[PDB]
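In what follows, a single structure is set out as structure tokens and then discussed.
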Amino acid sequence: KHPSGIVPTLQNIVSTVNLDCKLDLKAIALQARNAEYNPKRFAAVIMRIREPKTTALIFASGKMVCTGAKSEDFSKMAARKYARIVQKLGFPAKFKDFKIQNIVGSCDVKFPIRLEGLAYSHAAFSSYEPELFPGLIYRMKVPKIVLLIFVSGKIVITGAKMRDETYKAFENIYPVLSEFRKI
DNA sequence: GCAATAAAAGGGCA
DNA sequence: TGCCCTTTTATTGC
């Protein structure tokens, strides 16, 4: 499903799961060495494991957010590890409603892009204010994905719940990027 | 750095 | 209510 011949690399996956049990965040932050907590700043225990390299946000409600994985599977594995860490800490954690919430992929078309012309020709979807952010923000409607397009030809694709939406957004924009290649 | 992007979870605030 | 709290990742250019 890659007519362009380029496959965006998945860079970050954000997922959530329900441990399905109330948690004592202070007890976790004290029992765990690999855990940061200060409710004055944020309501979650921030934990990190080395493989898959991720960061979890564990809340008192038993709900948990997993960030930093390079794939959906790796995010699910990381999440299972935190839930087991939580269980070994004494809480009857379960593993329910695991869902992929956001997928960030990036790629390189390897040719310069004329961001102003592209923005202008696609005003309905584009936001280009280089003084604020040097990347053109392309809010695609089908699929509903947001792409950050840079002069260098590097592209950031975010907002997908499935990797296929990521791949399709890239394929949809490729013809457009080529059209505004900077010569 | 740090700017903006997307997304989730919660406590706090006006 | 709503919006930021924090975390992650790619990115260019100040």
Side-chain angles (χ1 to χ4, degrees), chain A residues 6-26 28-29 34-72 74-76 78-79 82-83 86 93 96-116 118-119 125-141 143-163 165-167 169-170 173 177 182:
Chain A
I6 312 174
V7 178
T9 289
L10 303 191
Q11 303 287 355
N12 179 36
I13 303 281
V14 175
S15 59
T16 52
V17 72
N18 193 335
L19 297 184
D20 215 0
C21 79
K22 284 297 175 177
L23 308 174
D24 179 356
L25 298 192
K26 207 63 180 191
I28 297 182
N34 56 325
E36 302 190 307
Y37 179 54
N38 69 135
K40 281 174 159 294
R41 190 180 188 255
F42 195 57
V45 170
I46 298 155
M47 210 176 274
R48 308 192 165 72
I49 58 179
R50 197 176 170 211
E51 296 297 331
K53 176 188 155 64
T54 53
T55 297
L57 298 177
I58 310 185
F59 306 81
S61 58
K63 280 165 182 281
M64 168 186 88
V65 175
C66 182
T67 61
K70 294 300 188 188
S71 80
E72 301 94 317
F74 286 138
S75 189
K76 194 168 184 181
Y82 294 111
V86 167
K96 88 160 183 184
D97 306 329
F98 176 87
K99 173 174 181 174
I100 301 305
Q101 301 287 5
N102 186 26
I103 296 163
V104 180
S106 70
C107 61
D108 186 13
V109 293
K110 298 175 172 187
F111 58 72
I113 308 294
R114 283 183 284 118
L115 301 188
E116 201 182 323
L118 163 35
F125 319 94
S126 308
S127 288
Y128 185 47
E129 291 167 1
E131 293 155 336
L132 171 63
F133 194 61
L136 183 162
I137 317 304
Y138 194 105
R139 299 192 168 82
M140 197 176 276
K141 280 314 153 205
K144 208 189 61 170
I145 294 293
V146 179
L147 305 86
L148 310 180
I149 301 171
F150 302 85
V151 292
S152 58
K154 255 107 175 307
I155 313 297
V156 172
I157 306 127
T158 188
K161 296 292 230 297
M162 329 219 52
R163 68 164 61 194
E165 301 172 347
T166 301
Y167 296 153
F170 179 65
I173 214 69
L177 305 176
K182 157 159 52 274

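Protein chains get the first letters and strands the later ones, always in sequence-line order, with residue 1 at the start of each.
- Nucleic acid contact class of A:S15 (heavy atoms, under 4.0 Å, all strands): none.
- Neighbours C:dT6 and C:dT7 stack on each other, since their six-membered rings have centres under 5.5 Å apart and planes tilted under 30°.
- Pairing for C:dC5 is absent, judged as Watson-Crick or G-U wobble with the two contacts each under 3.5 Å.
- If you take CD1 of A:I100 and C1' of B:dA8, they are 11 Å apart, rounded to a whole angstrom.
- To the nearest angstrom, P of C:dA10 lies 21 Å from CG of A:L136.
- If you measure from atom CE of A:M64 to atom P of B:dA8, you get 16 Å, rounded to the nearest angstrom.
- Taking the side chain as every heavy atom from C-beta outward, A:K110 and A:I6 never approach each other to under 4.5 Å.
- Pair check for B:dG10 finds none; no Watson-Crick or G-U wobble contact set falls under 3.5 Å.
- Evaluation of the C1'-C2'-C3'-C4' torsion of C:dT11 gives a positive value and hence a north sugar.
- Sugar conformation, C:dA10: north. The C1'-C2'-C3'-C4' torsion carries a positive sign.
- For the pair A:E72 CD and B:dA7 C1', the interatomic distance rounds to 14 Å; values are reported in whole Å.
- Panel note: side chain A:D97, backbone A:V17; no donor-acceptor pair is recorded below 3.5 Å.
- A glycosidic torsion no more than 90° from 0 defines the syn conformation; B:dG11 lies beyond that range and is anti.
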Chi angles and distances behind the side-chain contact (heavy atoms from CB on, under 4.5 Å) call for A:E72, A:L10: CA-CA 9 Å; A:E72 301 94 317; A:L10 303 191; 3.9 Å; yes

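- Put simply, A:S152 has a side-chain N or O that comes within less than 4.0 Å of OP1 or OP2 on C:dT12.
- Spacing between atom CG of A:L148 and atom P of B:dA7 amounts to 13 Å, rounded to whole angstrom units.
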I'd like a list of close polar pairs between nucleotides 2-9 of chain C and the protein, N/O only, cut-off under 3.5 Å.
residue	atom	partner	partner atom	Å
C:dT6	OP1	A:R41	NE	3.2
C:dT6	OP1	A:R41	NH2	3.3
C:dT6	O3'	A:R41	NH1	3.0
C:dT7	OP1	A:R41	NH1	3.3
C:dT7	OP2	A:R41	NH1	3.4
C:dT8	OP1	A:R48	NE	3.0
C:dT8	OP1	A:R48	NH2	3.0
C:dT8	OP1	A:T55	OG1	3.0
C:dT8	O4'	A:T67	OG1	3.3
C:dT8	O2	A:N12	ND2	2.9
C:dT9	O2	A:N12	ND2	3.3

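- What separates NZ of A:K96 from P of B:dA8 is a distance of 18 Å, to the nearest Å.
- Of the P atoms belonging to C:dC4 and B:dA3, the separation is 13 Å, rounded to the nearest Å.
- Within the structure, every pair that satisfies the side chain to side chain donor-acceptor pair (under 3.5 Å) test and touches residues 49-58 of chain A, not counting sequence neighbours, is listed here: A:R48-A:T55, A:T54-A:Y82.
- The number of heavy-atom neighbours closer than 6.0 Å to OH of A:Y167, taken from other residues, nucleotides and ligands shown, is above 12.
- Between A:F150 and A:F133, the angle of the ring planes goes over 60°, which puts this pair in the perpendicular group of the 30/60° scheme.
- Distance A:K154 NZ to C:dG13 P: 12 Å, rounded to the nearest Å.
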Intermediate values then yes/no, side-chain contact (heavy atoms from CB on, under 4.5 Å), A:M64 and A:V86: CA-CA 11 Å; A:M64 168 186 88; A:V86 167; 5.9 Å; no

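- Sugar pucker of C:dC5 is north, as judged by a positive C1'-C2'-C3'-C4' dihedral.
- At most 12 heavy atoms of other shown residues, nucleotides or ligands fall within 6.0 angstrom of atom NZ in A:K40.
- Rounded to the nearest Å, the gap between the P atom of C:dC5 and that of B:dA14 is 15 Å.
- The nearest whole Å value for the distance from the CZ atom in A:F98 to the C1' atom in B:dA7 is 13 Å.
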